[PDB]
Amino acid sequence: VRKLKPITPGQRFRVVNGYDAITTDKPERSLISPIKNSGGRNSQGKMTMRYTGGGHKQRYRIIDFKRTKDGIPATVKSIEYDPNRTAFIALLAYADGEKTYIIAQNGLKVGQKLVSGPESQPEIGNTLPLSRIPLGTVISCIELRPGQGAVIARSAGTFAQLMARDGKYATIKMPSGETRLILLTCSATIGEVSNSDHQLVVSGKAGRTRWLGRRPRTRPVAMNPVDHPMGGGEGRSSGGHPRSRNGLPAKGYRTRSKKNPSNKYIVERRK
RNA sequence: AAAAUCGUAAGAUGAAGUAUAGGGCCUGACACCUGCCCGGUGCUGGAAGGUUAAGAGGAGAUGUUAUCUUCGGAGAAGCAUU
């Protein structure tokens, strides 16, 4: 994490990530798939999910979220940067000959030989089921369904914690502060996710927002009453109660269905 | 199987992403700060008490008449309205 000197007004308060954990710059050719970006336009062509434009076309790296090769140790070969996510990748090479692109942890260096499966040790990098992760560990990449992949705690710097174990389910504290139950057969990876220094990055420039793929956002307050329910008015005016576009209140109104069939797994809300 | 957005649906964006992520709204680098009011209108939680829809339920009442009643009238069963 570097702090650029105030040479230019577009560089005064800019803070650049250090990328100190990255080793290799060239990716692996056999584990890359083509990907194109959309400006929010859906299949038919209508622009849904506005404010996303486009910039600096990227390539997709096939990340291995299942990690269903139990008993085969794999060595870390390189720690690389992925533009399609927030955390580093740290390519792995298995003992039999395969090469995968699992997501990296906080203390994963180049040279570590980590093993998967249930008979492994609770060390950083190793993946174990929740029936064998001992207790209160800072885990990540928690599976929500057995054999599907990684869902929870996948961004840079996140982690969860084990709480208890009752027969079939284990209580887990999601990064948001929500306490929820997850099957014991689900897998998870010990150790926090990488980067962890992403929240400290400042742009100091309107151009970086567009390098990342965003577009400027107009406030409905500076609009006409035909465009948004909050526009109009001689002079500078407010918009009454903030609505979204269809009269939906935008302050306190909860949008979670009170008849959600997955309500039998939530212990606290914190969202 | 996220919220949200387009459609009658199937489907699609969000996202081959996942809370250091994605939406809604206000202000607009930086320095010092950002006081009081929950009466009114919005939002969240509660639900002891009052009011309250459709749908169930059918006390009783009405119409007709087998029959009995010197006239008046009463009237079982069935069938319908309320």
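Keep in mind that the numbers below use all heavy atoms, side chains included, and drop hydrogens, waters and symmetry copies. First the proteins, then the strands, lettered A, B, ... as listed; each starts at 1.
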Spacing of the [atom1] atoms in [M] and [N] (rounded, Å):
{"N": "B:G45", "M": "B:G28", "atom1": "P", "answer": "33 Å"}
{"N": "B:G17", "M": "B:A4", "atom1": "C1'", "answer": "15 Å"}
{"N": "B:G72", "M": "B:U64", "atom1": "P", "answer": "15 Å"}
{"N": "B:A12", "M": "B:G7", "atom1": "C1'", "answer": "10 Å"}
{"N": "B:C71", "M": "B:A76", "atom1": "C1'", "answer": "24 Å"}

Distance test, side-chain N/O of [X] to OP1/OP2 of [N], below 4.0 Å:
{"X": "A:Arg254", "N": "B:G45", "value": "yes"}
{"X": "A:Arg269", "N": "B:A19", "value": "no"}
{"X": "A:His198", "N": "B:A21", "value": "yes"}
{"X": "A:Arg245", "N": "B:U5", "value": "no"}
{"X": "A:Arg41", "N": "B:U13", "value": "no"}
{"X": "A:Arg219", "N": "B:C26", "value": "no"}
{"X": "A:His241", "N": "B:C25", "value": "no"}
{"X": "A:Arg217", "N": "B:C25", "value": "yes"}
{"X": "A:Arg243", "N": "B:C25", "value": "no"}

Looking at [N] opposite [M], are both of their pairing distances below 3.5 Å, so that they form a Watson-Crick or G-U wobble pair?
{"N": "B:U65", "M": "B:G49", "result": "no"}
{"N": "B:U41", "M": "B:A80", "result": "no"}
{"N": "B:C43", "M": "B:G7", "result": "no"}
{"N": "B:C79", "M": "B:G42", "result": "no"}
{"N": "B:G78", "M": "B:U64", "result": "yes"}

Rounded to the Å, how far apart are [X] [atom1] and [N] [atom2]?
{"X": "A:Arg270", "N": "B:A19", "atom1": "CZ", "atom2": "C1'", "value": "14 Å"}
{"X": "A:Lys258", "N": "B:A3", "atom1": "NZ", "atom2": "P", "value": "13 Å"}
{"X": "A:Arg12", "N": "B:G28", "atom1": "CZ", "atom2": "P", "value": "21 Å"}
{"X": "A:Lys251", "N": "B:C43", "atom1": "NZ", "atom2": "P", "value": "14 Å"}
{"X": "A:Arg214", "N": "B:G14", "atom1": "CZ", "atom2": "P", "value": "11 Å"}
{"X": "A:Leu248", "N": "B:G42", "atom1": "CG", "atom2": "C1'", "value": "13 Å"}
{"X": "A:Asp82", "N": "B:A15", "atom1": "CG", "atom2": "P", "value": "14 Å"}
{"X": "A:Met230", "N": "B:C26", "atom1": "CE", "atom2": "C1'", "value": "8 Å"}

Nucleotide of [options] approaching [X] most closely (side-chain heavy atoms):
{"X": "A:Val151", "options": "B:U20, B:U18, B:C26", "answer": "B:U18"}
{"X": "A:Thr86", "options": "B:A1, B:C43, B:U20", "answer": "B:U20"}
{"X": "A:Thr255", "options": "B:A19, B:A16, B:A3", "answer": "B:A3"}
{"X": "A:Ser155", "options": "B:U18, B:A16, B:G23", "answer": "B:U18"}
{"X": "A:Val221", "options": "B:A3, B:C26, B:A29", "answer": "B:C26"}
{"X": "A:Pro220", "options": "B:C25, B:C30, B:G23", "answer": "B:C25"}
{"X": "A:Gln44", "options": "B:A16, B:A21, B:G11", "answer": "B:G11"}

Going by the sign of the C1'-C2'-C3'-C4' torsion, is the sugar of [N] north or south?
{"N": "B:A56", "result": "north"}
{"N": "B:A12", "result": "north"}
{"N": "B:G22", "result": "north"}
{"N": "B:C38", "result": "south"}
{"N": "B:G73", "result": "north"}

Open item on the list: Under the criterion side chain to side chain donor-acceptor pair (under 3.5 Å), I'd like the reasoning laid out for A:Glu178 against A:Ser176: C-alpha separation, chi angles, the key distance, then a yes or no.
Closed with: CA-CA 6 Å; A:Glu178 179 210 56; A:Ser176 60; 5.2 Å; no
Tell me whether [X] contacts the main-chain N or O of [Y] through its side chain, where contact means a donor paired with an acceptor under 3.5 Å.
{"X": "A:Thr52", "Y": "A:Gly40", "answer": "no"}
{"X": "A:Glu28", "Y": "A:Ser30", "answer": "yes"}
{"X": "A:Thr127", "Y": "A:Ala188", "answer": "yes"}

Task: Parallel, tilted or perpendicular, as decided by the 30° and 60° cut-offs, for the rings of A:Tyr81 and A:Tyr19 - done: perpendicular
Task: Position toward the 5' end of RNA chain B (nearest nucleotide), A:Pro242 or A:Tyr253 - done: A:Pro242
Open item on the list: What verdict does the side-chain contact (heavy atoms from CB on, under 4.5 Å) test give for A:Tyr265 and A:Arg180, after you've listed the backbone C-alpha separation in whole Å, the side-chain angles of each residue and the deciding distance to 0.1 Å?
Closed with: CA-CA 6 Å; A:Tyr265 302 135; A:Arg180 84 159 299 181; 3.6 Å; yes
Are the six-membered base rings of [N] and [M] less than 5.5 Å apart at their centres, with planes tilted under 30 degrees?
{"N": "B:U67", "M": "B:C68", "answer": "yes"}
{"N": "B:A15", "M": "B:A16", "answer": "no"}
{"N": "B:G58", "M": "B:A59", "answer": "no"}
{"N": "B:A47", "M": "B:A48", "answer": "no"}
{"N": "B:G73", "M": "B:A74", "answer": "yes"}

TODO: Mind telling me if B:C71 is syn or anti? Syn here is a glycosidic angle within 90° of 0.
DONE: syn
Open item on the list: Using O4'-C1'-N9-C4 for purines and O4'-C1'-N1-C2 for pyrimidines, with syn meaning within 90° of 0, is B:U70 syn or anti?
Closed with: anti
Task: Counter-base of B:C36, judged by Watson-Crick or G-U geometry with both distances under 3.5 Å - done: none
Counting any heavy atom closer than 4.0 Å, what does [X] reach on the DNA or RNA strands: base, sugar-phosphate only, or nothing?
{"X": "A:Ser38", "answer": "nothing"}
{"X": "A:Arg236", "answer": "nothing"}
{"X": "A:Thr48", "answer": "base"}

- [ ] Provide the closest heavy-atom pair for A:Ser140 versus A:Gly191 in the form atom of the first, atom of the second, distance.
- [x] OG-O, 2.8 Å
Task: Closest non-hydrogen atom pair between A:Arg59 and A:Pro27, with its separation - done: NH2-CG, 4.0 Å
Open item on the list: Please determine whether side chain to side chain donor-acceptor pair (under 3.5 Å) holds for the pair A:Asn263 and A:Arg256, giving the CA-CA distance in whole Å, both sets of side-chain angles, and the decisive distance to 0.1 Å.
Closed with: CA-CA 10 Å; A:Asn263 276 326; A:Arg256 193 185 208 274; 2.7 Å; yes
Open item on the list: Could you check whether atom NZ of A:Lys57 has more than 12 heavy atoms from other residues, nucleotides or ligands sitting under 6.0 Å from it?
Closed with: no
